[PDB]
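Cβ sites come from the backbone with ideal geometry, for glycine too, and all protein chains shown count toward neighbours. Laboratory data are not the source of any read-out in this text; all were calculated from the coordinates shown.
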Amino acid sequence: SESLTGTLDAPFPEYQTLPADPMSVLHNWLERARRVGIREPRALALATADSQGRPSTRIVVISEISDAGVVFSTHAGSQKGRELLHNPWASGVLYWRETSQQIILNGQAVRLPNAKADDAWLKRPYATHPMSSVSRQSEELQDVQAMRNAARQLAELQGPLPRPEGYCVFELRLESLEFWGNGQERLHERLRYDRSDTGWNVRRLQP
Amino acid sequence: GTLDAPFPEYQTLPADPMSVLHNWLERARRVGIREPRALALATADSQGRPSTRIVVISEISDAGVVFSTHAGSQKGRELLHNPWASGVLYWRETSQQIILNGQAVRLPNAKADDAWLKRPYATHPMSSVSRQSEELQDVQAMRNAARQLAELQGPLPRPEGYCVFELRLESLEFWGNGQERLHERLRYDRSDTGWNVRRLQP
Ligand SMILES: Cc1cc2nc3c(=O)[nH]c(=O)nc-3n(C[C@H](O)[C@H](O)[C@H](O)COP(=O)(O)O)c2cc1C
Ligand SMILES: Cc1cc2nc3c(=O)[nH]c(=O)nc-3n(C[C@H](O)[C@H](O)[C@H](O)COP(=O)(O)O)c2cc1C
Ligand SMILES: O=C(O)[C@@H]1CC=CC2=Nc3ccccc3N[C@H]21
């Protein structure tokens, strides 16, 4: 049995019109996702790779769309952080079950300045600050209750804490994108962009 | 996170992560998670640059998980030269992730024949005419060619490039939302004799 469950109309005029500027398509799709109530449309399955080219994956949230790509925050000492600092190339996929749409985002992640990290940190609900402050993301957790107790002590403040060392913001500066829609008669609609010396090259891909 | 999401394994540390995987997937099916087997699968090219896309896990095997694709696709070409891959399952309803890391191996043609025959026959026409991920020069021509094949009573022959991969796991992580933002992370790594297990900081 085919696994697709999407039933919401998902207009894809861009597959016909081939807009020159793919970030407009990204904005169009994300705005529509917000308006129709897609659940967690910005949950990005982000892939990085280690020193030997072995991929790793996890979900991160896209916090902003920038001129050059998409932005997310994480811990520098995490697996993804360590991998990106050595090999900036990454790829992430958005998949929206309700509309049977995928967006694939490929590019190089760049760590943004601390001033930007400071701002992103302050924009998080302060209830998130204690655990993010005590946790060394992705290192082994030796004592669960100890971590719980330490966070609870910091939570007493009931206000913002200093940005932890290692809390950082990456901009994934895009070099290619794909927009995927279910299409008609299983001719899935794949619109592929690749950065060129000036602007972008645009192609349709076979499903 | 709107549905119940028990994670007793975070407390008990079961020795066999494949048991945990089977149990999580069965639970997902029972509670009615939407498309639980939609795997965001990452591969990488010869420069170490990742690429991603969704594929569906067709079966859970002794060594890992299985999916089908076209050998000439981007993921197929990448796996042919670099077998290492990683995939993530994310279930919004229970705020759970499963991360699967290992090496993908192409299975024999008899296995591919069986997988092909198990697909709904209505999928056979487009899968036969399409060279997945190659540039599409003429949309209507592809549509018309598939329409010609759709008139047949299936099944059609398996197209040469239609293949099955087994992702043989070397590590797994089970992630749950936990309490007080202490997200619960259970990480397994293959050893010479079995599996090592640990908890990770959120
Ligand atoms: C819905 C969801 C969103 C998440 N968003 C982020 C995020 O924006 N940044 C982050 O560092 N981790 C986020 N996480 C946790 C990551 O998936 C992951 O566990 C953590 O970043 C460690 O990844 P790593 O060990 O591969 O580096 C999120 C998890 C879920 C379930
Ligand atoms: C929900 C969903 C499930 C999919 N499952 C598969 C699959 O099992 N096998 C496959 O080859 N493509 C599958 N696709 C299409 C892929 O996402 C992708 O477009 C195609 O495999 C080409 O990927 P590539 O160019 O990166 O190799 C699926 C797409 C969606 C939206
Ligand atoms: O659940 C399905 O059939 C998938 C849905 C969308 C696209 C697919 N492409 C495939 C290509 C080759 C083999 C299996 C696929 N699965 C479907």
Stretched fully, the stretch from A:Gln52 through A:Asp118 gains (0.36 nm per residue minus C-alpha distance, one decimal, in nm) 20.5 nm
Calculated log₁₀ intensity ratio I(q)/I(0) where the Debye formula runs over C-alpha points of the protein assembly as shown, q = 0.14 Å⁻¹ = -1.39
Please turn the phi angles of the range A:184-192 into ³J(HN,Hα) values with the Karplus equation 6.51 cos²θ - 1.76 cosθ + 1.60 (θ = phi - 60°), one per residue in order, whole Hz, x for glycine and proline.
-> 10, 6, 6, 7, 4, 9, 10, 10, 10
If you line up the long axis of helix B:109-118 against the longest principal axis of chain B, both from Cα atoms, how many degrees apart are they, to the nearest 10?
-> 90 degrees
Write down the Å³ per residue value for the convex hull defined by the alpha carbon atoms of chain A.
-> 167 Å³
Length-normalised contact order for the range A:51-207 - Cα pairs under 8 Å, 6+ apart - percent | 27 percent
Average partner chain C-beta neighbours within 10 Å, per residue of B:174-187?
-> 3
Report, by chain and number, residues whose modeled amide H sits under 5 Å from the one on B:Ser58, excluding near sequence neighbours (fewer than 5 apart, same chain).
-> B:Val66, B:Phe67, B:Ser68
May I ask you to compute the full-extension gain from A:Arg203 to A:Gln142, defined as 0.36 nm times their residue separation minus their alpha-carbon distance, rounded to one decimal in nm?
-> 16.9 nm
Net charge of Cβ neighbours under 15 Å - reference A:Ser1; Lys, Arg +1; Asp, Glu -1 | +3
Highest-first arrangement of A:65-74, B:47-56, where packing means the average Cβ count within 10 Å = B:47-56, A:65-74
In whole angstrom, note down how far apart the Cα centers of the range B:69-120 and the range A:110-169 are.
-> 36 Å
If you plug each phi of the range B:3-14 into the Karplus form 6.51 cos²θ - 1.76 cosθ + 1.60 with θ = phi - 60°, what whole-Hz ³J(HN,Hα) values come out, in order, with x for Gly and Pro?
-> 10, 4, 9, x, 9, x, 5, 5, 8, 8, 6, x
With unit charges on the beta carbon (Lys/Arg positive, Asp/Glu negative), name the residue among B:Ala40, B:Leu172, B:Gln11 whose Cα is farthest towards the positive pole of the charge dipole of chain B.
-> B:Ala40
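For peptide A:87-96, what's the mean number of Cβ atoms from other chains within 10 Å of each residue's Cβ?
On the way: counts 5, 1, 7, 5, 9, 4, 8, 3, 8, 0.
Neighbouring Cβ atoms belonging to other protein chains average 5 per residue here.
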Rounded to the nearest 10, the angle in degrees between the Cα long axis of helix B:17-31 and the longest principal axis of the Cα atoms of chain B comes to 70 degrees
Cα centre as origin, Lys/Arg/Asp/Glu Cβ charges: chain A dipole, Debye = 240 debye
Per residue of the range B:77-94, in order, report the coupling 6.51 cos²θ - 1.76 cosθ + 1.60 (Karplus, θ = phi - 60°) as ³J(HN,Hα) in whole Hz, putting x for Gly and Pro.
-> 5, 5, 5, 5, 9, 9, x, 6, 8, 8, x, 10, 9, 10, 10, 4, 5, 10
Give, rounded to the nearest 20 debye, the magnitude of the charge dipole that the protein assembly as shown has about its Cα centre when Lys and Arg contribute +1 at Cβ and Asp and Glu contribute -1 at Cβ.
-> 300 debye
Taking Cα atoms of the range B:58-108, Rg/Rh with Kirkwood Rh, to two decimals?
-> 1.02
